[PDB]
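The structure appears right after this line, and notes come after that.
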Amino acid sequence: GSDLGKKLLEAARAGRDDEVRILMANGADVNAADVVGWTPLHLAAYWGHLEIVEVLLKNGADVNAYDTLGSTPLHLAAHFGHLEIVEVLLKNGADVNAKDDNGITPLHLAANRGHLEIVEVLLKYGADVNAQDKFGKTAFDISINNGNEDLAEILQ
Amino acid sequence: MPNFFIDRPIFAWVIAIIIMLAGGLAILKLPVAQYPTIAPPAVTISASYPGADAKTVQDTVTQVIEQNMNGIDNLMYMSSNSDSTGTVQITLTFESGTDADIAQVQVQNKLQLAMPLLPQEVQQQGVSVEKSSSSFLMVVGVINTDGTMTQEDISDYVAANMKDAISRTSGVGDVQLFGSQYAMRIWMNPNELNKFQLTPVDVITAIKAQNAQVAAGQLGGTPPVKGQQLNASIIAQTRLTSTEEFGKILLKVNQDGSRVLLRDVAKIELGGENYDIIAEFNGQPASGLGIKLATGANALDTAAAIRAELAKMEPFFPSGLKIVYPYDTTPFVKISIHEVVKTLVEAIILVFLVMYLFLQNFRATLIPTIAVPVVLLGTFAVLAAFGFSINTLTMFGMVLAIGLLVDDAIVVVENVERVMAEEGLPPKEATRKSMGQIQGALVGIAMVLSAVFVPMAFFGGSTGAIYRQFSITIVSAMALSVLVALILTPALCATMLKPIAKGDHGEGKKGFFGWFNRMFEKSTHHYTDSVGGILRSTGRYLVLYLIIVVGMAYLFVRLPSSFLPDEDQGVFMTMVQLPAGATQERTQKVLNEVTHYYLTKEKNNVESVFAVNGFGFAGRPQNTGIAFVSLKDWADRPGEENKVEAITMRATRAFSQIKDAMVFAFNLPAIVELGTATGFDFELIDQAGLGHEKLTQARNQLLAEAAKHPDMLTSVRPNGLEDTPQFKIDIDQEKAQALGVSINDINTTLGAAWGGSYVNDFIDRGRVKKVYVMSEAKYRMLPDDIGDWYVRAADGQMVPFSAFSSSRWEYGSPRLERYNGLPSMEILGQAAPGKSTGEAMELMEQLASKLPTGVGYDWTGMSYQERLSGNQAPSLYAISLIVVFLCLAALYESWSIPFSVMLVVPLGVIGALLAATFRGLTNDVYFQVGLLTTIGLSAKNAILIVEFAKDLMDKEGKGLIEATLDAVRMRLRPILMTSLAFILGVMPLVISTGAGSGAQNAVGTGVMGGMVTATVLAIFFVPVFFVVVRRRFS
Amino acid sequence: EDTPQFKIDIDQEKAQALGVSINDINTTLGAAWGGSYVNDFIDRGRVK
Amino acid sequence: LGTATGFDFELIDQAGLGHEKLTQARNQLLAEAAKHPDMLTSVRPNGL
Ligand SMILES: CCCCCCCCCCCCCCCCCCCC(=O)O[C@H](COC(=O)CCCCCCCCCCCCCC)COP(=O)(O)OCCN
Ligand SMILES: CCCCCCCCCCCCO[C@@H]1O[C@H](CO)[C@@H](O[C@H]2O[C@H](CO)[C@@H](O)[C@H](O)[C@H]2O)[C@H](O)[C@H]1O
Ligand SMILES: CCCCCCCCCCCCO[C@H]1O[C@H](CO)[C@@H](O[C@H]2O[C@H](CO)[C@@H](O)[C@H](O)[C@H]2O)[C@H](O)[C@H]1O
Ligand SMILES: CN(C)c1ccc(O)c2c1C[C@H]1C[C@H]3[C@H](N(C)C)C(O)=C(C(N)=O)C(=O)[C@@]3(O)C(O)=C1C2=O
Ligand SMILES: CCCCCCCCCC(=O)OC[C@H](CO)OC(=O)CCCCCCCCC
Ligand SMILES: CCCCCCCCCCCCCC
Ligand SMILES: CCCCCCCCCC[N+](C)(C)[O-]
Ligand SMILES: CCCCCCCCCCCC
Ligand SMILES: CCCCCCCCCC
Ligand SMILES: CCCCCCCCCC
Ligand SMILES: CCCCCCCC
Ligand SMILES: CCCCCC
Ligand SMILES: [Cl-]
Ligand code: NA
């Protein structure tokens, strides 16, 4: 962990586009990670900062970087309903079937929070609809348990 | 009335004697404290939820209590903190003048009815309702030097053998332990628990069974069988008393018949209730007592009594234990008293010298030497009657009134000495005529000065309570001075002064006093010639007056505003702030570096560093700490370079090097509740259930905009904490039910192990203390450790936590704030250099009206009080000016002549502003009260010039210029005498650099400069004012 | 003046071995020798 | 203060009679009050 690495983590989180720009020019470590294993891309994905997700990927950020529990930026973006960031991550080669330590995928998380637009995008980029978590649950099992009629019909 | 007492000097002496005894009695019985109660009454509700996060605390404790704080009288506002230390503090602030006891009992009564709605673990810990205050009398440190005791061991010894005795000590109002009494700590091992198919649930169940009080009954209890001879109580099971007994608690009997005891699955020791704080004093383990002074108590007596009780405890102290006094106010308060008594005594000595220099007889010098003490003693008797204390504000209030008290004495005696010299009348007849000339004016002056000072007592809020201390002190001293001037002083003059033959001005004397009288008589003719010339060309002086008025107005706007000067109190604070999520050990390494700096780079200045790791003022997570620095005595720190302000700046500059840690030193404020000079306290409020995240975005939007106006706003930051990574674990209900694992067993196992659990009480050497079960550190540090905790299913199989749970990283708040029941975020800031708080607040309001839908705002603390204190000022200034005018109108029997007196105001103010500006001081409370007394004395000088002038025109039919010239001639000597005595009297306060010099400098500087100009200008300008005002109106 | 006390001591280990719960023992001893306030009843319209 | 010329009477059960007997006593008192229209007017219970 470097001085500019810490500055980039804080800037990526806060959504300060202009500060990230200056930090990219000075070569702030894009693979900088905090104690839980979150990169600037993780943080930008979580808090929904589209411009910074794009700028970090341009500057050779790991699109499939995983935290200490095996969660990727696509997991975060899919879970918190950031449609534009999900599309960008998938276009820059994000593993659509990425499994965390619980066996949970972006499709599982999106299904759980009922993000219909995101579920369609994930399925479009070839998300495994039959993918089971550690409890043997699919995105379909989540849709019927949540009682989401629209979602259950799409996961046919 | 003066005539009455000239013929009755014994009656006069009797009145002086009664006043002296009343004052003498008051001096002995009057309370003593550094500062009186200023801040409006506040009641704090405090609750602990062991192992609870900010949201859990907020949504199960804080919201329920807040919803039940209804039907309570005189509530201004309500604010709360819920943080991830498992702590809630709700603060209810009440209208100034509210009974603090009624406020507290009303709050705790409404809480009592809300207690059944709180979680069982919160009801078990309890919910404290306390009168809020931050002023400690002193902090007693208790350390161990031979390395045989931890902070936990010292805390328990202090709690068991010291705290109660100090609480019982005379004048002690409250005592806070810096630590807890011991708890029985059961440190659980999950490997051993799983080995014998046991969980924390079984540990808790066994402790409640085998550590308990059990009711039995009596032998031969009523109603008995008739003939029963013996009646005795049956004692059954009573609470355990030792780590040995807790160790032997039976958990399981195995198939083969071997016993599983609690010591087989846990480490068992006496430890602290909490491990959040790590206290060190010069690197050595430390506890201590925070002692507050009781209402109406004498601070000096209490401090002596505390040290007397600590002395009695010395012989029983375990080896290595030692008392230290890192903070004690009473040395400072003792120096304040000494310095004030010194100033009042020097003032009386200087009046004696000036009185002899001019009047040159010892009988004259004795009259003020009697009169001034009588007034000062009388003033204490009236303070006592109003229920005031001898404090910094009331003591310096008397110092600021010295000029007014000295003048009343000098005016009466000097005028008798003149009347005798000019007319040849004997003392008694001379005193009658002399009082005849001034007695009407003295009463007029009393009413005018009442009109000036009395309205100062009716400002609301904290600043009002401060101004009220000076107002009553000064009005009382002034009021008694006039009573003594009309009763005692005339009687003393009539009976003590020797006659002076008509024409004898001591010009015929030899030596210094002959030369002086010749010089001063010659100087008086030079003065009357100058006024003669000034009065021939009054036009250019009205021009010079407006230049002064404009210069005054200009200097007023440029002079930075403040409350009370910073002081060298031999102590200051160092703040240690690490990045969010930083651990206790990382914070400890920075504090070790900060402590090492002070005992190395400032070994000459620093006596001790009190390092409190895991303590902050806006939340106490693991990434925060403070170093409380105590300095060596003032005597051993000579020069400005070795004072708190210089050490502070040096420390801050050195520590700015420290990487990944915000560290800075700062002096303590005079009174904490007033806040910073032109600071504001803003609340951003969620008014439409937006939630934490949308309110954060709104906060950032406001902060971003505030940063774009550095011309108006400076250091606009949040007071709270930023969201941090947290470990969300989801229990799969289906998997739990499938394996036959109850959710109670899962939630207890997790909570008990990782969070800790208060089970019940035991009795340690005759003292009831708490029993906590918790995981030993090494099994609750990292996410992988979650899988090492097992829960027994219905069928008896041990199921790991991994089998029925899933986890992920998310962000959440470690401290959630609420204002008047709604989610809030406190924003601090201050007006830019040259800008007023009003302007800064006006912009913040403008910026706030541009935030998203459902985001409101309010002002709190100093900002709430400023809005309500600022709106009163115009009314109080107006009432003061109107009543002054009306009193002078009644005195002079004229609507016009009053203006000639009132025009003097700027002549004093200009000198005060020049002296303050030049010396680099601020427009503070001491300076402001200084202006009123300077205005007061110059007004008094002017009143008597105009009375003498007007009387000569009315009675002796003299001309305007003739009357004015004869008036200023007669008033020259008394005006110069008062000014020479008083200026010399405040000279020590101006040059002072010792302890309490900040206050002395603030009192002295403005008064000295103000008196210099007030004296020099008024003697030339008052005659101009009178001539111009008489000409313009007939 | 100081009074004599009859200290009874329940062996919880020996009780557990015989298959009797401590709660049943505590209630039995307490209820019998000291009495036990169970709940209220209504005597001629007054709670007692 | 009140309702000009109105009274506010409280019938009391002093001997644990019960609600049923006290209701009869109330009815007896209401009936007798109706038999004196020259003195008492609108004499009625406030309860249900
Ligand atoms: C506040 C509102 C609330 C309501 C309060 C109501 C009460 C108001 C105060 C009442 C004051 C009125 C005074 C009455 C005096 C009557 C005496 C008349 C005779 C006289 O010439 O007065 C002599 C004294 O005055 C003198 O010789 C004094 C010198 C001349 C006037 C001096 C002016 C005093 C200073 C004014 C300060 C401004 C005050 C503002 C309120 C006493 O002569 P004698 O009768 O004993 O002789 C023997 C003759 N046979
Ligand atoms: C930095 C401090 C500055 C403070 C401001 C200064 C004001 C206080 C000093 C007052 C000094 C008065 O000094 C006085 O001035 C007047 C000017 O009108 C002189 O008067 C002179 O001019 C007038 C007008 O033409 C003539 O009538 C008169 O015969 C002549 O002597 C006096 O002879 C002199 O003694
Ligand atoms: C045992 C004695 C207890 C004393 C309690 C002290 C209360 C202080 C709590 C707040 C501390 C947090 O720090 C914050 O408040 C300080 C108030 O002292 C501010 O300090 C401010 O007021 C001081 C008044 O003496 C000035 O000397 C400083 O120049 C000024 O900046 C800091 O700029 C700010 O960072
Ligand atoms: C903040 N304060 C003045 C100090 C200074 C030095 C200290 O060494 C300590 C404190 C606060 C006190 C608060 C007390 C509190 N209480 C009076 C028992 C308390 O309940 C807690 C708590 N975390 O709830 C403590 O940490 C505490 O035990 C503690 O460890 C302290 C402590 O050790
Ligand atoms: C003789 C005429 C004196 C009139 C002035 C008295 C005003 C005092 C009003 C009051 O009670 O407020 C006290 C106030 C509290 O902070 O103390 C002060 O701040 C001092 C105010 C000095 C103002 C100088 C005026 C110059 C222009 C005329
Ligand atoms: C002798 C002086 C009396 C002073 C009384 C002051 C009371 C005025 C009340 C101020 C509040 C007005 C708000 C508009
Ligand atoms: C401490 C009280 C001292 C009182 C002494 C005053 C004596 C006054 C006598 C004056 N006399 C009547 C003689 O003129
Ligand atoms: C608020 C009232 C102020 C009092 C002003 C009275 C002035 C009267 C002037 C009479 C001129 C002849
Ligand atoms: C708030 C009460 C203010 C009253 C001030 C009166 C002072 C008179 C002293 C003699
Ligand atoms: C030429 C100016 C004269 C001024 C002299 C004033 C004398 C004041 C003595 C106190
Ligand atoms: C016992 C302390 C008395 C102090 C008196 C102070 C007088 C100003
Ligand atoms: C004649 C003097 C008047 C004094 C009243 C206070
Ligand atoms: Cl003499
Ligand atoms: Na539960």
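Naming works like this for the structure tokens: A, B, ... for the chains as they're shown, residue 1 at the start of each chain, ligands 1 onward in shown order.
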
Which residues are close to stretch 6-16 of chain D, i.e. within 7 Å by only C-alpha atoms, leaving aside same-chain residues fewer than 6 positions away? Reply as a CSV table (one decimal) with C-alpha atoms, in the first residue's frame.
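Everything below was put into selection-v9.csv:
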chain,number,residue,atom,x,y,z
C,44,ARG,CA,-65.3,-9.7,47.8
C,45,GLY,CA,-64.4,-7.5,44.8
D,22,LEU,CA,-74.9,-1.5,43.0

Surroundings of ligand 4 up to 8 Å, based on only C-alpha atoms and all ligand atoms, as a ChimeraX atom specification:
/B:48,85-87,151,155,176-181,272-280,286-288,290,612,615-616

Expected file: the selected residues, C-alpha atoms, as an mmCIF file, in the first residue's frame:
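As a result, out-v8.cif now contains:
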data_model
loop_
_atom_site.group_PDB
_atom_site.id
_atom_site.type_symbol
_atom_site.label_atom_id
_atom_site.label_comp_id
_atom_site.auth_asym_id
_atom_site.auth_seq_id
_atom_site.Cartn_x
_atom_site.Cartn_y
_atom_site.Cartn_z
ATOM 1 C CA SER B 48 -24.753 0.353 26.947
ATOM 2 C CA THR B 85 -19.014 0.632 20.766
ATOM 3 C CA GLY B 86 -22.566 -0.486 21.816
ATOM 4 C CA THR B 87 -23.253 2.965 23.380
ATOM 5 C CA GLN B 151 -4.851 -0.519 34.666
ATOM 6 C CA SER B 155 -9.223 0.684 38.600
ATOM 7 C CA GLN B 176 -16.134 9.472 37.766
ATOM 8 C CA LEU B 177 -13.914 6.311 37.840
ATOM 9 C CA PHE B 178 -11.396 6.270 34.894
ATOM 10 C CA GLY B 179 -12.013 2.501 34.433
ATOM 11 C CA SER B 180 -14.366 -0.153 35.944
ATOM 12 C CA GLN B 181 -14.301 -2.240 39.145
ATOM 13 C CA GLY B 272 -12.181 -4.922 33.385
ATOM 14 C CA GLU B 273 -15.852 -4.580 32.275
ATOM 15 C CA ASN B 274 -14.491 -3.015 28.996
ATOM 16 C CA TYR B 275 -11.086 -3.075 27.149
ATOM 17 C CA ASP B 276 -11.799 -0.104 24.758
ATOM 18 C CA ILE B 277 -9.552 2.364 26.739
ATOM 19 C CA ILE B 278 -5.783 1.880 27.407
ATOM 20 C CA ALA B 279 -4.663 4.568 29.948
ATOM 21 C CA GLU B 280 -0.923 5.307 30.549
ATOM 22 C CA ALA B 286 -3.052 4.266 35.194
ATOM 23 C CA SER B 287 -6.634 4.706 36.482
ATOM 24 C CA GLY B 288 -7.978 7.893 38.176
ATOM 25 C CA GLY B 290 -12.653 12.882 37.765
ATOM 26 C CA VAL B 612 -5.857 7.663 26.789
ATOM 27 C CA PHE B 615 -11.034 7.984 23.497
ATOM 28 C CA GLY B 616 -12.367 10.860 21.310
#

For ligand 1, collect every residue having any atom at a distance of at most 9 Å from a ligand atom (counting only C-alpha atoms and all ligand atoms); output as an NGL selection string.
:B and (436-437 or 439-448 or 883 or 886-893)

Could the residues of chain C that have an atom at most 10 Å from chain B be listed as a Markdown table, each with its closest atom pair and the distance in Å to one decimal, counting only C-alpha atoms and ordered by chain and ascending residue number?
| residue | atom | partner | partner_atom | distance |
| --- | --- | --- | --- | --- |
| C:3 | CA | B:232 | CA | 7.2 |
| C:4 | CA | B:232 | CA | 6.1 |
| C:5 | CA | B:233 | CA | 5.4 |
| C:6 | CA | B:234 | CA | 4.8 |
| C:7 | CA | B:235 | CA | 4.6 |
| C:8 | CA | B:236 | CA | 5.2 |
| C:9 | CA | B:236 | CA | 6.1 |
| C:10 | CA | B:237 | CA | 7.3 |
| C:12 | CA | B:210 | CA | 8.2 |
| C:13 | CA | B:250 | CA | 7.5 |
| C:16 | CA | B:253 | CA | 9.2 |
| C:17 | CA | B:253 | CA | 8.7 |
| C:22 | CA | B:209 | CA | 7.6 |
| C:23 | CA | B:209 | CA | 8.3 |
| C:26 | CA | B:214 | CA | 6.7 |
| C:27 | CA | B:216 | CA | 8.6 |
| C:28 | CA | B:216 | CA | 9.1 |
| C:29 | CA | B:216 | CA | 5.8 |
| C:30 | CA | B:216 | CA | 4.3 |
| C:31 | CA | B:216 | CA | 7.8 |
| C:32 | CA | B:217 | CA | 8.0 |
| C:33 | CA | B:217 | CA | 4.7 |
| C:34 | CA | B:217 | CA | 3.4 |
| C:35 | CA | B:217 | CA | 7.3 |
| C:36 | CA | B:215 | CA | 9.9 |

Can you pull out every residue with an atom within 12 Å of ligand 2? Use only C-alpha atoms and all ligand atoms and format it as an MDAnalysis selection string.
chainID B and resid 523 525:548 907 910:911 914 1009 1012:1024

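Near ligand 9, at a distance of at most 6 Å and with only C-alpha atoms and all ligand atoms counted, sit the residues residues 454, 457, 458, 472, 475 and 476 of chain B.
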
Within 10 Å of residue D:30, counting only C-alpha atoms, which residues show up once you throw out same-chain ones fewer than 5 positions away? Write them as a ChimeraX atom specification, please.
/D:24-25,35,42-45

Check which residues of chain B sit at most 12 Å from ligand 7 using only C-alpha atoms and all ligand atoms, and return one row each with the closest pair of atoms and their distance in Å to one decimal, ordered by chain and rising number, as JSON lines.
{"residue": "B:5", "atom": "CA", "partner": "ligand 7", "partner_atom_place_in_ligand_line": "12 (C)", "distance": 11.6}
{"residue": "B:6", "atom": "CA", "partner": "ligand 7", "partner_atom_place_in_ligand_line": "14 (O)", "distance": 10.0}
{"residue": "B:7", "atom": "CA", "partner": "ligand 7", "partner_atom_place_in_ligand_line": "12 (C)", "distance": 9.0}
{"residue": "B:8", "atom": "CA", "partner": "ligand 7", "partner_atom_place_in_ligand_line": "12 (C)", "distance": 8.2}
{"residue": "B:9", "atom": "CA", "partner": "ligand 7", "partner_atom_place_in_ligand_line": "8 (C)", "distance": 6.3}
{"residue": "B:10", "atom": "CA", "partner": "ligand 7", "partner_atom_place_in_ligand_line": "8 (C)", "distance": 6.0}
{"residue": "B:11", "atom": "CA", "partner": "ligand 7", "partner_atom_place_in_ligand_line": "8 (C)", "distance": 9.8}
{"residue": "B:12", "atom": "CA", "partner": "ligand 7", "partner_atom_place_in_ligand_line": "6 (C)", "distance": 9.4}
{"residue": "B:13", "atom": "CA", "partner": "ligand 7", "partner_atom_place_in_ligand_line": "2 (C)", "distance": 6.0}
{"residue": "B:14", "atom": "CA", "partner": "ligand 7", "partner_atom_place_in_ligand_line": "2 (C)", "distance": 7.7}
{"residue": "B:15", "atom": "CA", "partner": "ligand 7", "partner_atom_place_in_ligand_line": "2 (C)", "distance": 10.3}
{"residue": "B:16", "atom": "CA", "partner": "ligand 7", "partner_atom_place_in_ligand_line": "2 (C)", "distance": 8.4}
{"residue": "B:17", "atom": "CA", "partner": "ligand 7", "partner_atom_place_in_ligand_line": "1 (C)", "distance": 6.9}
{"residue": "B:18", "atom": "CA", "partner": "ligand 7", "partner_atom_place_in_ligand_line": "1 (C)", "distance": 10.6}
{"residue": "B:19", "atom": "CA", "partner": "ligand 7", "partner_atom_place_in_ligand_line": "1 (C)", "distance": 11.8}
{"residue": "B:20", "atom": "CA", "partner": "ligand 7", "partner_atom_place_in_ligand_line": "1 (C)", "distance": 9.8}
{"residue": "B:21", "atom": "CA", "partner": "ligand 7", "partner_atom_place_in_ligand_line": "1 (C)", "distance": 11.2}
{"residue": "B:367", "atom": "CA", "partner": "ligand 7", "partner_atom_place_in_ligand_line": "6 (C)", "distance": 12.0}
{"residue": "B:370", "atom": "CA", "partner": "ligand 7", "partner_atom_place_in_ligand_line": "1 (C)", "distance": 9.7}
{"residue": "B:374", "atom": "CA", "partner": "ligand 7", "partner_atom_place_in_ligand_line": "1 (C)", "distance": 11.1}
{"residue": "B:427", "atom": "CA", "partner": "ligand 7", "partner_atom_place_in_ligand_line": "14 (O)", "distance": 11.8}
{"residue": "B:428", "atom": "CA", "partner": "ligand 7", "partner_atom_place_in_ligand_line": "14 (O)", "distance": 10.5}
{"residue": "B:488", "atom": "CA", "partner": "ligand 7", "partner_atom_place_in_ligand_line": "6 (C)", "distance": 11.0}
{"residue": "B:491", "atom": "CA", "partner": "ligand 7", "partner_atom_place_in_ligand_line": "10 (C)", "distance": 8.9}
{"residue": "B:492", "atom": "CA", "partner": "ligand 7", "partner_atom_place_in_ligand_line": "8 (C)", "distance": 8.4}
{"residue": "B:493", "atom": "CA", "partner": "ligand 7", "partner_atom_place_in_ligand_line": "10 (C)", "distance": 10.9}
{"residue": "B:494", "atom": "CA", "partner": "ligand 7", "partner_atom_place_in_ligand_line": "14 (O)", "distance": 8.6}
{"residue": "B:495", "atom": "CA", "partner": "ligand 7", "partner_atom_place_in_ligand_line": "14 (O)", "distance": 5.4}
{"residue": "B:496", "atom": "CA", "partner": "ligand 7", "partner_atom_place_in_ligand_line": "10 (C)", "distance": 8.1}
{"residue": "B:497", "atom": "CA", "partner": "ligand 7", "partner_atom_place_in_ligand_line": "14 (O)", "distance": 11.2}

Fewer than 2 positions away in the same chain doesn't count, so skip those; otherwise give me all residues within 7 Å of residue A:8, counting only C-alpha atoms, as a PyMOL selection string.
chain A and resi 4-6+10-12+20+23+28+40
